[PDB]
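A.B. asks: Encoded as structure tokens, here's the structure I'll be asking about.
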Amino acid sequence: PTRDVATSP
Amino acid sequence: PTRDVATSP
Amino acid sequence: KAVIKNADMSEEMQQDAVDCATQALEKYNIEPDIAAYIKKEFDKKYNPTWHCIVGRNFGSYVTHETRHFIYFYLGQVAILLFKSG
Amino acid sequence: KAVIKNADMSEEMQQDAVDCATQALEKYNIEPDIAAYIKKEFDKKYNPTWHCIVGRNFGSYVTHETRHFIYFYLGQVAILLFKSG
């Protein structure tokens with residue numbers, strides 16, 4: 001049960 | 001097998 | 001005041017996050033203290049293991065349990081709260 | 001130019017971390033592209049699941065597998081690399 005995500009400023 | 005750690009800028 | 005950038009998390013768990021982060025700012029000044037306060041409520045309320053990043057300028061690449069990630073702005077502060085492990 | 005503030009990992013995995021951040025900076029500008037490059041390398045090299053924050057101003061409170069966490073400055077940024085899940 002998993003996801004890869006990027007966050008940006 | 002875990003540790004809680006804080007980081008400061 | 002809250003601005004949700006990105007999320008994969010029930011709309012009410014999200015409100016919860018933001019309430020928590022509002023509390024955190026009423027109580028704490030410096031990033032590490034805010035983060036540790038948010039993280040601990042969520043391990044407590046929604047089980048471990050959660051992780052919170054608080055700051056005015058960072059990027060990230062993380063892996064989170066499906067349906068447990070929120071990234072938002074609460075003024076000039078950006079909060080990342082997700083669960084992994 | 002690496003400066004290792006805090007860590008809980010083998011001195012040899014710290015070097016690796018830094019070499020990987022170094023490579024990351026030779027080919028990326030954008031904080032989330034840097035983070036992801038590093039995160040995916042450590043998943044490859046040391047198995048999942050890693051998380052990486054790249055930022056000029058942040059703090060955090062996270063949980064990590066014992067012996068698998070590092071926070072350091074390289075260039076004009078602070079890197080947090082740790083494994084959890």
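Ordering of the structure tokens sets the chain letters (A, B, ...), residue numbers begin anew at 1 in every chain, and ligands are numbered from 1 in the order given.
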Compute the set of chain D residues within 8 Å of chain C, using only C-alpha atoms, and express it as a VMD selection string.

C.D. replies: chain D and resid 30 to 33 35 to 36 39 49 to 63 84 to 85

A.B. asks: Chain B near chain C within 9 Å: what's each residue's closest atom pair and its distance in Å to one decimal, counting only C-alpha atoms, ordered by chain then ascending residue number, as CSV?

C.D. replies:
```
residue,atom,partner,partner_atom,distance
B:5,CA,C:36,CA,8.8
B:6,CA,C:32,CA,5.8
B:7,CA,C:32,CA,5.9
B:8,CA,C:32,CA,5.7
B:9,CA,C:31,CA,7.8
```

A.B. asks: For residue 11 in chain D, please output as a PyMOL selection string all residues within 12 Å (counting only C-alpha atoms; exclusion window: fewer than 4 positions along the same chain).

C.D. replies: chain D and resi 4+6-7+15-18+67-70

A.B. asks: Output N, CA and C atoms for every residue in that selection, as an mmCIF file, in the first residue's frame.

C.D. replies:
```cif
data_model
loop_
_atom_site.group_PDB
_atom_site.id
_atom_site.type_symbol
_atom_site.label_atom_id
_atom_site.label_comp_id
_atom_site.auth_asym_id
_atom_site.auth_seq_id
_atom_site.Cartn_x
_atom_site.Cartn_y
_atom_site.Cartn_z
ATOM 1 N N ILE D 4 28.927 17.098 8.284
ATOM 2 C CA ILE D 4 27.936 16.115 8.787
ATOM 3 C C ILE D 4 27.482 16.513 10.170
ATOM 4 N N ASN D 6 24.463 15.599 12.012
ATOM 5 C CA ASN D 6 23.996 14.488 12.775
ATOM 6 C C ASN D 6 23.873 13.311 11.896
ATOM 7 N N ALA D 7 24.139 12.153 12.496
ATOM 8 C CA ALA D 7 24.015 10.932 11.756
ATOM 9 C C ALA D 7 23.861 9.765 12.673
ATOM 10 N N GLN D 15 29.759 8.380 3.705
ATOM 11 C CA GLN D 15 30.513 8.740 2.513
ATOM 12 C C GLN D 15 29.723 8.581 1.209
ATOM 13 N N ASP D 16 29.068 7.419 1.122
ATOM 14 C CA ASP D 16 28.236 7.070 0.023
ATOM 15 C C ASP D 16 27.143 8.061 -0.179
ATOM 16 N N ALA D 17 26.383 8.297 0.893
ATOM 17 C CA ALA D 17 25.429 9.401 0.931
ATOM 18 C C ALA D 17 26.024 10.679 0.309
ATOM 19 N N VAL D 18 27.224 11.060 0.721
ATOM 20 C CA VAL D 18 27.761 12.364 0.312
ATOM 21 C C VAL D 18 28.146 12.382 -1.127
ATOM 22 N N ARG D 67 20.650 2.994 12.650
ATOM 23 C CA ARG D 67 21.856 2.926 11.764
ATOM 24 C C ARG D 67 21.562 3.385 10.277
ATOM 25 N N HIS D 68 20.425 4.035 10.044
ATOM 26 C CA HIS D 68 20.120 4.496 8.693
ATOM 27 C C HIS D 68 19.526 5.920 8.645
ATOM 28 N N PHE D 69 20.314 6.892 9.096
ATOM 29 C CA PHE D 69 19.879 8.266 9.016
ATOM 30 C C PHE D 69 21.034 9.146 8.991
ATOM 31 N N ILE D 70 20.950 10.190 8.168
ATOM 32 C CA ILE D 70 22.011 11.167 8.060
ATOM 33 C C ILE D 70 21.383 12.531 7.726
#
```

A.B. asks: Within chain D, find each residue whose DSSP state, derived from the backbone, is alpha helix (DSSP H), and express the selection as a ChimeraX atom specification.

C.D. replies: /D:11-27,31-46

A.B. asks: Using DSSP on the backbone coordinates, identify all residues within chain B classified as strand (DSSP E or B); present the result as a list in words.

C.D. replies: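 DSSP on the backbone gives strand (DSSP E or B) at residues 2, 3, 4, 5, 6 and 7 of chain B.
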
A.B. asks: Between CA of residue 4 in chain B and CA of residue 12 in chain D, what distance in Å does the model show, to one decimal?

C.D. replies: 22.0 Å

A.B. asks: CA of residue 22 in chain C to CA of residue 3 in chain C: how many Å, to one decimal?

C.D. replies: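 According to the coordinates, CA of residue 22 in chain C and CA of residue 3 in chain C are separated by 12.4 Å.
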
A.B. asks: Report, in Å with one decimal, the straight-line distance from CA of residue 71 in chain C to CA of residue 23 in chain C.

C.D. replies: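 For CA of residue 71 in chain C relative to CA of residue 23 in chain C, the distance reads 16.9 Å.
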